[PDB]
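Worksheet: one structure, shown below.
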There are 2 protein chains.
Amino acid sequence: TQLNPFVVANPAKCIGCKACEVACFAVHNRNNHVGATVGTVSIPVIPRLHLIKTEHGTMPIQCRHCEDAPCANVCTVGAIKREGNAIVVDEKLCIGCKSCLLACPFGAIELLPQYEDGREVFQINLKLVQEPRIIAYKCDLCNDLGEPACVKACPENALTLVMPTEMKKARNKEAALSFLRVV
Amino acid sequence: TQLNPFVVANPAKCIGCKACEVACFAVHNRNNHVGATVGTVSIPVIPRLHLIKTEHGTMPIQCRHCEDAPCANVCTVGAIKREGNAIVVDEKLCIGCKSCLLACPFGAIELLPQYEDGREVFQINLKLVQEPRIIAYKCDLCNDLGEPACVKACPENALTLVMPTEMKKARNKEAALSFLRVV
Ligand code: SF4
Ligand code: SF4
Ligand code: SF4
Ligand code: SF4
Ligand code: SF4
Ligand code: SF4
Ligand code: SF4
Ligand code: SF4
């Protein structure tokens, strides 16, 4: 078992241009007839990270991939699993219980209607107009796909994928060098 | 333990040609790519003795290498130490605490930026640009190298390296011969 890497923003180099959300929506919805052209998208837009603005600038936030994740523990059905290096949600066993929305201190999980093959997904017996199935969305760290598209789509290069082992060693070395040069 | 030598000028045979400082600068900075040729000097020039000119002529002044040296005593960090026969500053531990400039009454210590391997030496955390490291420069009587270079470069042969023991004996013998020939 190894530390889960995660993606973190940077308030000094973010402008709220929303160029990281659309790349996420394009890359994580390849099965809904998208061809890197605006106009072929016959579905509503669903990103995985979220951009929010305060008086101290604008920043996006997303799942930090906690090891002892509250969302994994609270989920009774077992949709949330640690399949790969990052914690991922399964869209087959989700039942729509809002417990995840209580579990996450950061609120990186959203509940949105599911869209497959360019058309709205419907359930069997509900209410008379039918109701669409609701699915939890969160960042998968693009394990099935290649490199993350939230990074490399930033004009100012703000979002960074960090391994929490290298920063610790680098900061330790910097602190040791700073203290050794004076004494 | 014996008296330390110190170079002294001679105002009768000094002109103000500044050809004794250049030799010192060229002999101390062998690690900054100097080849006894103007053009290979890629660093600003820093001598150790300073020429001063007033109404009654001109002369150079430098460190007299005091025994109970005020500069060594006031230095809290411990940069200035009597390592050899002469008194020498240490470039590793100096922090630029300017108390030396309040200690020496002659003023043979000057604070100037350091230059190592032909480039300016910067610090770790200061100001947004960096700032150069400042070191105290003073005469070290060429202890690491051979005989003094300010002498053997003076065209008029004004600078002399005096040992304060032989000079006293010479003056005593001169006075004794002058007085004993008359009684
Ligand atoms: S919303 Fe889905 S993943 Fe979250 S607890 Fe309910 S079933 Fe599990
Ligand atoms: S959804 Fe929230 S609680 Fe769950 S792993 Fe991500 S950041 Fe942690
Ligand atoms: S890693 Fe993939 S799913 Fe996660 S925020 Fe980036 S683009 Fe979206
Ligand atoms: S693409 Fe970069 S600069 Fe633009 S909103 Fe996203 S993180 Fe901020
Ligand atoms: S300037 Fe350097 S040599 Fe002078 S007292 Fe301070 S540390 Fe010592
Ligand atoms: S720097 Fe000044 S006080 Fe210190 S030894 Fe030289 S002459 Fe004396
Ligand atoms: S004795 Fe040596 S170090 Fe001192 S001023 Fe002369 S050349 Fe420079
Ligand atoms: S080289 Fe001799 S004459 Fe020329 S400035 Fe120096 S001490 Fe005076």
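Every chain in the structure tokens has a letter given in the order shown (A, B, ...), and although residue numbers restart at 1 in each chain, ligands are simply numbered from 1 in the order shown.
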Near stretch 126-141 of chain A, 12 Å: stretch 3-114 of chain A residue rows, closest pairs, only C-alpha atoms, as CSV:
residue,atom,partner,partner_atom,distance
A:4,CA,A:141,CA,10.1
A:5,CA,A:141,CA,8.9
A:6,CA,A:141,CA,7.6
A:7,CA,A:141,CA,8.2
A:8,CA,A:141,CA,11.8
A:21,CA,A:139,CA,11.2
A:24,CA,A:139,CA,9.1
A:25,CA,A:139,CA,10.8
A:27,CA,A:141,CA,11.5
A:28,CA,A:140,CA,9.0
A:29,CA,A:137,CA,11.8
A:46,CA,A:137,CA,8.4
A:47,CA,A:137,CA,8.3
A:48,CA,A:139,CA,5.1
A:49,CA,A:139,CA,6.7
A:50,CA,A:138,CA,10.0
A:61,CA,A:139,CA,10.3
A:62,CA,A:139,CA,6.8
A:63,CA,A:139,CA,6.1
A:64,CA,A:139,CA,9.0
A:65,CA,A:139,CA,8.9
A:71,CA,A:138,CA,11.2
A:75,CA,A:136,CA,11.7
A:79,CA,A:136,CA,9.8
A:80,CA,A:136,CA,10.0
A:81,CA,A:140,CA,11.1
A:82,CA,A:140,CA,10.5
A:83,CA,A:140,CA,10.3
A:84,CA,A:140,CA,9.5
A:85,CA,A:141,CA,8.8
A:86,CA,A:141,CA,6.5
A:87,CA,A:140,CA,6.9
A:88,CA,A:140,CA,5.2
A:89,CA,A:138,CA,7.3
A:90,CA,A:136,CA,8.7
A:91,CA,A:135,CA,6.4
A:92,CA,A:135,CA,8.9
A:93,CA,A:135,CA,9.4
A:94,CA,A:135,CA,6.4
A:95,CA,A:135,CA,7.7
A:96,CA,A:134,CA,6.0
A:97,CA,A:136,CA,9.4
A:98,CA,A:136,CA,9.2
A:99,CA,A:136,CA,10.9
A:100,CA,A:136,CA,8.7
A:101,CA,A:136,CA,9.6
A:104,CA,A:138,CA,11.2
A:106,CA,A:138,CA,11.5
A:107,CA,A:138,CA,9.5
A:108,CA,A:138,CA,6.1
A:109,CA,A:138,CA,5.0
A:110,CA,A:137,CA,5.2
A:111,CA,A:136,CA,4.6
A:112,CA,A:134,CA,5.4
A:113,CA,A:134,CA,4.4
A:114,CA,A:135,CA,5.8
*Find the residues in chain A near chain B: any atom within 9 Å counts, using only C-alpha atoms. Write them as a list in words.*
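Listing them in order of chain and number gives residues 178, 182 and 183 of chain A.
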Neighbours of ligand 4 within 7 Å, counting only C-alpha atoms and all ligand atoms, as a PyMOL selection string? chain A and resi 9+13-21+51+59-60+153-159
Output N, CA, C and O atoms of each residue in that selection to a file, as a PDB file, in the first residue's frame.
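To be explicit, this is the file written out as part-v1.pdb:
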ATOM      1  N   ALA A   9      -4.933  22.780  -6.332  1.00  0.00           N
ATOM      2  CA  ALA A   9      -4.884  24.022  -7.085  1.00  0.00           C
ATOM      3  C   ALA A   9      -3.801  24.943  -6.531  1.00  0.00           C
ATOM      4  O   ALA A   9      -2.973  24.554  -5.703  1.00  0.00           O
ATOM      5  N   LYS A  13      -1.931  31.413  -9.128  1.00  0.00           N
ATOM      6  CA  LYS A  13      -1.893  31.250 -10.576  1.00  0.00           C
ATOM      7  C   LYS A  13      -3.231  30.792 -11.147  1.00  0.00           C
ATOM      8  O   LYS A  13      -3.257  30.112 -12.176  1.00  0.00           O
ATOM      9  N   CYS A  14      -4.341  31.140 -10.506  1.00  0.00           N
ATOM     10  CA  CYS A  14      -5.665  30.811 -11.014  1.00  0.00           C
ATOM     11  C   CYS A  14      -6.459  32.087 -11.249  1.00  0.00           C
ATOM     12  O   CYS A  14      -6.399  33.026 -10.451  1.00  0.00           O
ATOM     13  N   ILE A  15      -7.201  32.114 -12.355  1.00  0.00           N
ATOM     14  CA  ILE A  15      -7.969  33.281 -12.767  1.00  0.00           C
ATOM     15  C   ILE A  15      -9.453  32.990 -12.897  1.00  0.00           C
ATOM     16  O   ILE A  15     -10.224  33.901 -13.212  1.00  0.00           O
ATOM     17  N   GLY A  16      -9.883  31.756 -12.656  1.00  0.00           N
ATOM     18  CA  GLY A  16     -11.273  31.400 -12.871  1.00  0.00           C
ATOM     19  C   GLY A  16     -11.682  31.391 -14.328  1.00  0.00           C
ATOM     20  O   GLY A  16     -12.785  31.846 -14.662  1.00  0.00           O
ATOM     21  N   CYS A  17     -10.818  30.886 -15.207  1.00  0.00           N
ATOM     22  CA  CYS A  17     -11.118  30.824 -16.631  1.00  0.00           C
ATOM     23  C   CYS A  17     -11.947  29.606 -17.014  1.00  0.00           C
ATOM     24  O   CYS A  17     -12.403  29.532 -18.160  1.00  0.00           O
ATOM     25  N   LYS A  18     -12.136  28.659 -16.093  1.00  0.00           N
ATOM     26  CA  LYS A  18     -12.984  27.480 -16.293  1.00  0.00           C
ATOM     27  C   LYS A  18     -12.522  26.622 -17.468  1.00  0.00           C
ATOM     28  O   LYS A  18     -13.333  25.961 -18.121  1.00  0.00           O
ATOM     29  N   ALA A  19     -11.221  26.612 -17.746  1.00  0.00           N
ATOM     30  CA  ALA A  19     -10.667  25.796 -18.817  1.00  0.00           C
ATOM     31  C   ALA A  19     -10.302  24.393 -18.359  1.00  0.00           C
ATOM     32  O   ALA A  19      -9.931  23.561 -19.191  1.00  0.00           O
ATOM     33  N   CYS A  20     -10.395  24.115 -17.061  1.00  0.00           N
ATOM     34  CA  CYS A  20     -10.108  22.794 -16.521  1.00  0.00           C
ATOM     35  C   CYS A  20     -11.354  21.943 -16.342  1.00  0.00           C
ATOM     36  O   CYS A  20     -11.258  20.712 -16.342  1.00  0.00           O
ATOM     37  N   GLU A  21     -12.519  22.573 -16.194  1.00  0.00           N
ATOM     38  CA  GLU A  21     -13.758  21.823 -16.026  1.00  0.00           C
ATOM     39  C   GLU A  21     -14.217  21.203 -17.341  1.00  0.00           C
ATOM     40  O   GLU A  21     -14.659  20.048 -17.368  1.00  0.00           O
ATOM     41  N   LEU A  51     -15.343  24.907  -9.341  1.00  0.00           N
ATOM     42  CA  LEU A  51     -14.715  26.206  -9.143  1.00  0.00           C
ATOM     43  C   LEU A  51     -15.609  27.092  -8.287  1.00  0.00           C
ATOM     44  O   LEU A  51     -16.814  27.195  -8.541  1.00  0.00           O
ATOM     45  N   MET A  59     -10.826  29.695  -6.634  1.00  0.00           N
ATOM     46  CA  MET A  59     -10.071  28.452  -6.623  1.00  0.00           C
ATOM     47  C   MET A  59     -10.997  27.294  -6.958  1.00  0.00           C
ATOM     48  O   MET A  59     -12.195  27.350  -6.654  1.00  0.00           O
ATOM     49  N   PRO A  60     -10.489  26.257  -7.615  1.00  0.00           N
ATOM     50  CA  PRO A  60     -11.234  25.002  -7.719  1.00  0.00           C
ATOM     51  C   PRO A  60     -10.840  24.023  -6.627  1.00  0.00           C
ATOM     52  O   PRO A  60      -9.719  24.024  -6.116  1.00  0.00           O
ATOM     53  N   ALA A 153      -4.655  21.315 -19.114  1.00  0.00           N
ATOM     54  CA  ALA A 153      -5.592  22.232 -19.744  1.00  0.00           C
ATOM     55  C   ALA A 153      -5.599  23.597 -19.077  1.00  0.00           C
ATOM     56  O   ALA A 153      -6.396  24.459 -19.466  1.00  0.00           O
ATOM     57  N   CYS A 154      -4.740  23.815 -18.086  1.00  0.00           N
ATOM     58  CA  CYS A 154      -4.687  25.084 -17.380  1.00  0.00           C
ATOM     59  C   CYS A 154      -3.805  26.057 -18.147  1.00  0.00           C
ATOM     60  O   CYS A 154      -2.630  25.749 -18.388  1.00  0.00           O
ATOM     61  N   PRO A 155      -4.325  27.213 -18.572  1.00  0.00           N
ATOM     62  CA  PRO A 155      -3.465  28.190 -19.264  1.00  0.00           C
ATOM     63  C   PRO A 155      -2.307  28.689 -18.418  1.00  0.00           C
ATOM     64  O   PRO A 155      -1.219  28.937 -18.951  1.00  0.00           O
ATOM     65  N   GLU A 156      -2.506  28.841 -17.111  1.00  0.00           N
ATOM     66  CA  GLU A 156      -1.468  29.342 -16.220  1.00  0.00           C
ATOM     67  C   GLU A 156      -0.740  28.238 -15.467  1.00  0.00           C
ATOM     68  O   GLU A 156       0.155  28.544 -14.674  1.00  0.00           O
ATOM     69  N   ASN A 157      -1.102  26.974 -15.700  1.00  0.00           N
ATOM     70  CA  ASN A 157      -0.504  25.817 -15.029  1.00  0.00           C
ATOM     71  C   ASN A 157      -0.640  25.934 -13.508  1.00  0.00           C
ATOM     72  O   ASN A 157       0.342  26.048 -12.771  1.00  0.00           O
ATOM     73  N   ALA A 158      -1.891  25.915 -13.048  1.00  0.00           N
ATOM     74  CA  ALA A 158      -2.204  26.019 -11.628  1.00  0.00           C
ATOM     75  C   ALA A 158      -2.409  24.661 -10.967  1.00  0.00           C
ATOM     76  O   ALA A 158      -1.791  24.377  -9.937  1.00  0.00           O
ATOM     77  N   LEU A 159      -3.268  23.818 -11.535  1.00  0.00           N
ATOM     78  CA  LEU A 159      -3.527  22.505 -10.958  1.00  0.00           C
ATOM     79  C   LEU A 159      -2.293  21.621 -11.074  1.00  0.00           C
ATOM     80  O   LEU A 159      -1.706  21.495 -12.152  1.00  0.00           O
TER      81      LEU A 159
END
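What separates atom CA of residue B:145 from atom CA of residue B:74 is a distance of 27.5 Å.
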Residue list (strand (DSSP E or B), DSSP) for stretch 51-182 of chain A, as a count of residues only = 30
Name the residues of stretch 15-86 of chain A that fall into alpha helix (DSSP H) according to DSSP on the backbone, using the chain letters and numbers of this document, as a list in words.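 Written out, the alpha helix (DSSP H) residues of stretch 15-86 of chain A are residues 21, 22, 23, 24, 25, 26, 27, 28, 70, 71, 72, 73 and 74 of chain A.
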Go ahead and write the selection's residues with C-alpha atoms as a PDB file, in the first residue's frame.
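Output contents, as saved in part25.pdb:
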ATOM      1  CA  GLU A  21     -13.758  21.823 -16.026  1.00  0.00           C
ATOM      2  CA  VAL A  22     -14.608  21.467 -19.727  1.00  0.00           C
ATOM      3  CA  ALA A  23     -11.570  19.264 -20.409  1.00  0.00           C
ATOM      4  CA  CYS A  24     -12.670  17.059 -17.503  1.00  0.00           C
ATOM      5  CA  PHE A  25     -16.200  16.866 -18.918  1.00  0.00           C
ATOM      6  CA  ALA A  26     -14.864  15.966 -22.364  1.00  0.00           C
ATOM      7  CA  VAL A  27     -12.365  13.331 -21.231  1.00  0.00           C
ATOM      8  CA  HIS A  28     -14.540  11.564 -18.639  1.00  0.00           C
ATOM      9  CA  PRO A  70     -15.576   8.718   5.445  1.00  0.00           C
ATOM     10  CA  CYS A  71     -17.513   8.254   2.194  1.00  0.00           C
ATOM     11  CA  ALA A  72     -16.240   4.678   1.862  1.00  0.00           C
ATOM     12  CA  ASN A  73     -17.277   3.827   5.427  1.00  0.00           C
ATOM     13  CA  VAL A  74     -20.733   5.426   5.386  1.00  0.00           C
TER      14      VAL A  74
END
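If you look at atom CA of residue A:68 and atom CA of residue A:52, they are 26.0 Å away from each other.
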